[PDB]
Structures are given as structure tokens and as C-alpha cells.
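Here are two versions of the same chain, shown separately as C-alpha cells and labelled structure 1 and structure 2.
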Structure 1
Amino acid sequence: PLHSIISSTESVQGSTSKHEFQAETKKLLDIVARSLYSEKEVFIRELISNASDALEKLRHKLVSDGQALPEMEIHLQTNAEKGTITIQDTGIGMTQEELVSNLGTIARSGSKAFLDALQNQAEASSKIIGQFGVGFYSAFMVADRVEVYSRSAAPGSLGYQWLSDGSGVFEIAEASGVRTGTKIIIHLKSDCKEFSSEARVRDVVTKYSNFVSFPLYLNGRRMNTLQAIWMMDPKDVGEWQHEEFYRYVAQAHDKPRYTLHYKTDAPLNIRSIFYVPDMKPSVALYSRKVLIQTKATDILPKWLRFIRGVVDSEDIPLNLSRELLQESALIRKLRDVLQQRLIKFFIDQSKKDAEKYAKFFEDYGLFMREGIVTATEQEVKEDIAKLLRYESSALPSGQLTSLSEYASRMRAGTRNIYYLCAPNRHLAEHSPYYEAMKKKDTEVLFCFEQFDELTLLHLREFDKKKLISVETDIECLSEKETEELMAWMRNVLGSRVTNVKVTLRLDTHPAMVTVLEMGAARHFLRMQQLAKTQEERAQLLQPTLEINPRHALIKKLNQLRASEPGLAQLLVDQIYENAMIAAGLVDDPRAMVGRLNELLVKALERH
């Protein structure tokens, strides 16, 4: 049962001390270089972020002083022979005291102090990336020594020399000839020589620092060519740049069928763009124009992973390793806002273009169905349910109707939605269960796509209306001649056809097959891959065949019954298969090829 020793017998009887928490660097450097960042090559990304922050600070200072704006760029150099990578910027610069304060202290960031000493939050607060003060020390996991050439931009400041080796001790000195800005020299480790190649650095910049506000040069060439098209006015940016941007973030070659540029910032300063791929069967998270994660399976729901684009926000909380704070107290609100906006955007797409949405729905229908089944809160399913499209029995085939518009013509007296899950419309329009509903003027929705039954059962409600399935409710031949025509038909097709009746709704089809077990009809369709032997499928399904006396084939069978008994049996077996093919019960007519070939040879014997 319960056995606990919890008690409050402890008492305070000593003298209290007052001393600060101790904080050394021997273990902090080891943690940063061994157990801080999940992946190795993020160190030059952090260096580029620091350079961009310095350039932004210098630009703010220059525009505050109201003077000219000189050149400001980030230059990347990599010597393959020397095995070193050089990054140099022309930012504000750092003095002796500034170097000691920032570089020599763990987590002490001058960017945060600059932000606190800004007091406007509109000029350059959003462009400052550095917030933790540990970005620079990421270079110690790949370098045995780091050389920094930093000089402040003040009119009279002198350069300084900074040395370190990652062992918790740094030897700062004085340097001459250092130009304005900061120059960092990194000597790669023996095991980390892979960063000495230009291609790797180019890949890193394209992955992470491809949207830096300032020009970036690697060995003297500029390759950004992407000025953060999501940060400007959606009206200003054209549709031509959307295709090029989509092909980059999604790593695809097709075009986006839809373009949603969301910029309204209710919960957070969200600047996101969403694309829908054309290729029918993933969003890259950004923060202050710096990539966070390529996959980002948290900001968006799983069922919305089919879209592509980026989500950039300048106020989301980031982890120490510059990764998203998963499932934070505020991130969950972002997912609901993004899901609601995308759902609303999709609804507006259907109204403005029904045909385009129908093509879109038939391409990503499984994604919408996946969300409803996997959704937890009921009202969330209602918004996704509005995206579903179904064809009703009261409207001609080929046009899809939404669930919301289905209730528009629904009677006030009726309170439950009727849906039928069938492989195709031919079986649904002829099933006796639908005929029971067809007696009244009510309409029933038809579900054809796979997993529709699971989605409808999981949804269980729409617009305060209970979801209930129909299955859970429960010129012409003479009459005398047609009577014995079926009697012989049930002999040859006793195992397959349960019974044959009279049909007056066949314009040009000699027969149709109809089923009373649409639930088991999908079982018949699902057995087209495993164990579809002819001698077995008849018993598991047991369908009924309907024929019309107004067709030539049915009329012709009267004389062939007695004149050519051998041909009569084969022809009836052929016409029964044709009904299944027309009704869609068989995925492919491969089995009927064997008997059809042997039928035509004797059908033209006199010819």
C-alpha cells in the first residue's frame, strides 16, 4: 500500500552565510565544445551571426550620429594548404576592456546590453541575433587555437591581439596594423580538417547564413542572392520570385499551386510564407533571418507537413544550442494560430476557385483525413472537416460539395448527416441501403477515397449534427421468356450470383452487378493483391447480377441457350465479368482475358 517517511522534523539552528554562486570556466569550455551543440559545423554559423550583429550595431551607431555609411561586409576566407578558416567583418569593433568583458567572460553578451540601451525596439532590435553570449566559444570544438584581430571604430581606437586554445585560459595582447572591425583566425583541429574545403563552407552558408542582411563574401565572391522575400510586403513581391524561393527551401523543381503570405502578428511577430507543392505524394524554421531547423515538426501540425516554406519570428524563445524551445508555453499557441490561418486560407481558395481546390483536394486528401483522426480537441476536427469534399446523391457526379454547404440545403427537421462509403458512385447509387434513403427526398454523402470511413467515424459530429452511416440504420423481352432466363442463369452462376432480377434503368449496358455488403465490398477490392482466386471470391462477396431485357445481349441469349448450349455458358460468364469491371469491383480485368480470348474465336466461326 502506502509507505512514506516524509516528515518536517528538520529545523534551522545554524548561522546563514551570504556568498555568490561560483562560476569558473574549466568545465564550461568543455561543455560548450563537447555537449552544447548537436552538430559540429554550427560554429561558423555562430561567427557569421556575431559578424552580422556587429555590422548592425555599427550601422545603428552611424545612423544615430548622422554621418556617412562606409562599406560593411562579412568576408570568409579558407586556406586549404594552411588548413585554416578566416572570418572578418567591419563592425563596431572591440577595445581592450570590451574584449576582456565579452570574450573573456562566459555568457556575457554585449549584444544584450546594446539592446537594453536602445529603448525603441523598432530600429535595429529585431536584427540583433546574439542573445546568449556563448556563440563564439562554439569554435573551440574544431580549433586548437583561435586568433582574433579586433579594433573599435572609434576615431582613435587601436587594435588588440586575442589568443586562446580552449583550455579555459586566454592570452590577450596588442596588435598593430589591424583595420577597423574584427578578424578571426581559426586553426582547424586534426579531426576537423573537413572544414578546410570551400565547398563545405559554401554549403554551410547556403544552409544557414543564406539570408544575412549584409553581403557575405567567401574567398571574394558574393552568393546570397536572397534578400528575405518573406520580410517585405506580400503585394510588393511578385509571383515570379515565389517559385524560385519555393524551389530553394523545398529542394524541389516544381511550382507552388498556392501561396499564403501570413504577416499578421497577434501572438508573435510572425513573418511566414507557405507553399503547396504541385507534385502530389517540412517547413524550415527561421529566427532573425537565421535558420533554426529544416524540419520543424513542432510549429506546424503533422497533417500540415505537406506544405513548404519558412516561418520566421523575431521573438520566439530559442534554446542554448540555437534550436526551437519545443512545446513551450507560447509555442503551442503558434501552432493553433498557424493551423487556423492555413485552414481559413484553404477555405477561401475553394470559394475563389472551386475547380482548382478540387484538384488540390484529390491530391492532398489523405493529409486532411489524417488530421481529423489524429486530432485531440473536438473543435479542431470541425475546422479540418470544412476542408473535406464529397459528392452527394442529389447533385450530378463530377462535382464535389463541402460538408458546410451540405447543411445549407439540409432541412430544419433533419438533424443527422447521412454518409455512405462505397468504392465508386455506381455501387452507391444502386445499393438497397441508399434506395431506402432514396425513397425520401433526403440526400446522402458518398465517400470514395480510402480511409474515409475511419475519418467519418472519428469526426463523429459536424455543425452540432451527429454523424451516422446508412449501413447502421437498415424493344423489350416478353415476361414469360425472361422468367426462365434467370432460372438457367442461377445454375451457371450459382456460386457467384445470388439472384437475378429485372432492371429498367440500363440505356446501353446489358447488365450491372450490385452488392448489399459495401463494407465487405472493400474487402473484395482489397483482395485484389492477395488470394483473388475465382473459386474463392464468389463465396466471400456473393453479389447479385441485374440485367435488362432491352439490350441485344440479353435478347440474344434466348436462342443461344438452346441452339448453342456450349457458347451460352461461356457468354454468360463473360457478361458477368463485364458487369464487375463496369461497377469497379475488380481493379484490373486481367482474369477475364483468358476466357474472352477463347470466346471470340468461336463467336465468329461462320464468318
Structure 2
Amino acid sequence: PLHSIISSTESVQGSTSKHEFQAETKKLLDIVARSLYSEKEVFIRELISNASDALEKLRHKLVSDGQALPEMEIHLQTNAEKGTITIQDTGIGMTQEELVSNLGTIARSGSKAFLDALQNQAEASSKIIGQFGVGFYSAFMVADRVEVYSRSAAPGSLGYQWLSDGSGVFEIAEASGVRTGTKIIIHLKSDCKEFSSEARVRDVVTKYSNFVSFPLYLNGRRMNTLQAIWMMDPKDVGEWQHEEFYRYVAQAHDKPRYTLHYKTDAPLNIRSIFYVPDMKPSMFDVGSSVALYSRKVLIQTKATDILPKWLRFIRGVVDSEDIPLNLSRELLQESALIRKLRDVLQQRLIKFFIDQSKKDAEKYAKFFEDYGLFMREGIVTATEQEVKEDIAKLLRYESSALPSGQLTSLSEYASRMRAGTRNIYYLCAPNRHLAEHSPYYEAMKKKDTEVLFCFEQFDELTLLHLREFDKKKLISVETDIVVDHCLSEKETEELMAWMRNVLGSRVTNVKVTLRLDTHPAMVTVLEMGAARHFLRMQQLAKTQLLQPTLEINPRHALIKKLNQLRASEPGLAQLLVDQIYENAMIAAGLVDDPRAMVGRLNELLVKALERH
């Protein structure tokens, strides 16, 4: 039965008191320094974000006052001998009251207070990074003691010295000689001294915040040298620094063949740029260096996959000021905003590829034979139908009604197709030479219906999964043949009975089709593409057969030879019919590893040539 202990018999009689929520700071500091950030290296990223926020606040205050703008930059100092790292900025700075209010209070951020005093939410809201109030305390992950020398930008503010050992207690004092801005001294821990090295600090800074809006100097050397080109207008930015930005983000030295600059705000604020490499994709590729940004700082999700898996051949950067973030400055897993951003990016990239195909046939064709497998994988892995047709609009195939060297899409293929026809025919062969001479094409050559020729692998599976385009079905040539509704009748009956006797285990059914002229034999099955690809699966890996039907050509000379050669050499006749079956299986693509057929072919060749 049901055993429930929930009851409503309880009642309230006592006076209702009132209390304010408390928060002990010892455990909060312990949580921030130990169980908040997975990476120990994010503390300088947080400090650089704080410096950028301070510089932005100073810039906003100065432009509000409308006076001269002094130099503003972020300086990083590394001292291996002292085991310390120093970050200094020329921002607004903090008074003693400001230092106590901000530094001494957990989750209290002056950035949010400054943003609440903007009244426009566009001048600096897009550039202020701080939103939680725990970014500074990430520095206690590596520092046994922190010295902060901050002097406010107000004309007359005094410098102040800030000490904190990270043990829940901090002290402040008056400081003399402190320049305008904020100077932070970090004394590294015994086990975290790797941050007192120039190389590691430079690498991690370039990883996190090399796109900080203000100049950044480490040990006196600036390493930015490159503005965030995804913020500026596409017309302002030129192709030369597009190439430079591509060479930096993709860690390559080639040029991007395609450059898409996406900047929309109505659905959600996106400032993203995408590139397509000139060189063919490497097998390593087969977050794809499209790591998400927010207010010009790295997020390194690698789990939400802001960009579709098949769209991993493109390189670039995506920026969004409204993405939700963890307390550790990481994306919220399985967030609705993330999913809608991914969908919008995929739709925009599909539209951009369609436009590129429309405006450049030859360049897009080269791109397709360079990156077709990615679109094939996207069609295979897709679930929504409209996504399937959107990706299929990017497919390029060459039909039988056109000369070699030019390719066409499914849309313009169906545009020129007859009104009565309501299905699309496609044939699969390694080359167009084989496709034109393929027995299935010859069998279907009776009608004038156009047929597409696809050569690359996984085309069978891609077309099978698509299964529809513009309300038109995709039927393979073999499927059309199987669903379709000199060797006299008696000798032909006896001869197919011969195959049925000698190929009963392999060939389940033998029949004669009058639609063959050059190929002596044909193998047709209902699930031709599915069976062909599943056989490749099975032979590739032993994991979790089929119903083959062989059709002979009555008018073929090779088949006609069996009539006179059966009575002379029964064994040679059996070997020849076995070889014919193997050749038909190979042509159908349903054959297994053909190393076994080699011995039979050699034996047949040596045995059947004792006449010259």
C-alpha cells in the first residue's frame, strides 16, 4: 500500500519573530579559495577583469566630466626572486570607506553600483565585467597575504594600504607615495609558486584576457597588440586584421576563405566572427577554437557546445554580454539562452553558406569538396527536419544531365525536374565514369528522369537520413529498380535453376531483367543503402545478415557463354558463376573484404586460359 507521514495537523501559536539573514565570512572565504574555481590560474584573470572595470569606470567619470584623458593601462609585475606577482592599474581607485565597503564585504561589488548609476545601460554596461563581488577573493587561492595600495582618482584622496591574510580578518592603513589607481601585491603560496614565473603568467594571460579593452603590460612588455575586432563594425574592420585575427585564434598561418561578422541584439546580444580555413581540415578536427567570450574575457566552457558539433570546421569567437555565468565565471550547463544562441548561430551560418554559394559558385564548390563531410555529418546527426533541409541546401551534387566538373544543389535539381515526378533519384559510385557505366544507372536509363551522382563516402547514409527535400522523397536508383514492377525461355529457366542449386546459400533468388546491356549481373536488395552501410559497420567492428538477389543479363556474351560451357567444364562453369556473383556483389558495394576473391579469380584465370 502507501505509507505517508505527511499531515496538516500542525499549528502555530507562538509570536512570529523577525530576523535578518547572516553569513559567516570564514567559511565563505574557505569556499571561494578552495571549492569555487576549478583552475588555480583564474585569480589573475579576475584581477585583470577588476583592473579593466576600474579603468572603464575612470574613463566614464572623465568623459562625464569632459576633461583630458590620461594614460590608462594594466601593469603586471612578476618577481621570481621574491615569489610575488604585482598587478597595477591606473583606474579610479578606492578610498578607505570604499576599500572597506568593497574588499571587506563578500558578494559586494562596486561595479553593480556603478552600473545602477549609468541610466543608459549602453555606455559602460557592455564593458563592465564584475557582477558577483567574489572575484577579488580568488586571489586568496594562491596568496597567503595580499597587499593592496589603492588611491582614489578624486583630486585630494589619500593613498591607503590594505592587508589580508585570507583568514577572515583584514586590516587597513594610511599609505604614502601611492600613485593614482590601484596596486595589488600578491605573495604566492609555497605550493603555488608557479605563478611567479613570467612564461606561465604570459601564457595564461594570453589565454584569458589578452582582449582586455585597455593596454596590458607584463614585466614592462605589452602583449595585446591586437584589438577585439568582433566589437567594431564590419565595415570599419579590414581584411588584413581579419587575417591577423584568424591567424591568432586558429593558431595557424594561412588565410580565412570565409569571414562572417554577426552582430545582433533583438533576440540576444551577439558579437561573433567566424572563419573558414583555406587548408583542408585535419583528422584531429574530424570548443573548436570558437570559445565563447563575455565582456572580452574567456569562458572556456567546452561542455555547453555553443556551436553545433558538425560546425567544428569553422574558427572564430563568439561574444555575448547576457550569457548566464556560474559563480566561478563558467557557463550554466543546459541553459535556455545557450541553446537559443546555438540555434541562432547555426541558422545564421547556414544562411551565410547559402549566400556564399549564391554569390560564388566556384569558391563554394571548392569549399564543399573541402568541407563536405562536415555537412554530411550534420545531416546525419540532426534531429529536426527543417535543420535537415537547411543543411541539405548546402549540399552540392553533379547530375547525369550535366557535363563533368559542375555541381548542383537539391533545390535547383528539383526546380528543373518534371512536375509529374515527385521523387529524387541519386546514384552512388566512386567516380562519374563508374556512375555513368554503373549497371543501376543503365537499368534506370530507360526513363529520362534526372539522377544525382554522389561520390564521397557517407553520401548513402546522408541521403537516407535526409529522406525528404521540398516535399520530395529521395529514392536511390537501386531502390527504384527493386520497387519497380539468345537464352531462350527453357534454357534460361534451366540456367537460373542452376544458379539456385549452386548459389542457394548465397543467392536467395535469381531472376532475369531485360534492362541490362553491358553488365552481365546485377545484385539488388530492398535496403540497398542501409544494408551497404550496415555491412561496413559490421565489418569495421564486431558489434550487435541480408537478403541478396542476383539478376543476370540474357543478352550478355559472358552469360551466354555458360550455355555452351556448362556441358564442357562443369567445374569451370561453377567457378565462373561464383566469380560473376562476386563481381556483382563488388559492384553493388555489398561485398566484404575482397582479399578472399583474389584466390578464386587467380584460379579461374589460370584454369580458363588453357586454349590459346
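In this text, the rigid core denotes the largest set of C-alpha atoms whose superposition between the two forms falls within 1.5 Å. Counting starts at 1 and follows the sequence of structure 1.
Colleague: Which one of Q450, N416, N499, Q399 is the only residue whose C-alpha moves by 2 Å or more between the two structures, after superposing on the core?
Modeller: With the rigid core superposed, the residue that stands out is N499.
Colleague: Relative to the superposed rigid core, does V513 relocate between the two structures - that is, does its Cα move 2 Å or more?
Modeller: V513: C-alpha displaced by 2 Å or more between the two structures.
Colleague: If you line up the core, does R288 shift 2 angstroms or more at its C-alpha between the two structures?
Modeller: For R288, whose C-alpha is compared between the two structures after core superposition, the shift is less than 2 Å.
Colleague: Aligned on the rigid core, do the two forms place the Cα of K381 2 Å or more apart, comparing between the two structures?
Modeller: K381 C-alpha, core-superposed: shift of less than 2 Å.
Colleague: Please give the CA displacement of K465 between the two structures, in Å, after core superposition.
Modeller: Its C-alpha shift, to one decimal, is 0.6 Å.
Colleague: Keeping the rigid core fixed, work out how far the Cα of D144 travels between the two structures, to one decimal in Å.
Modeller: That residue's C-alpha is offset by 1.1 Å.
Colleague: Once both forms are fitted on the core, what is the Cα shift for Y160 between the two structures in Å?
Modeller: Shift of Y160 at C-alpha, rigid core superposed: 2.9 Å.
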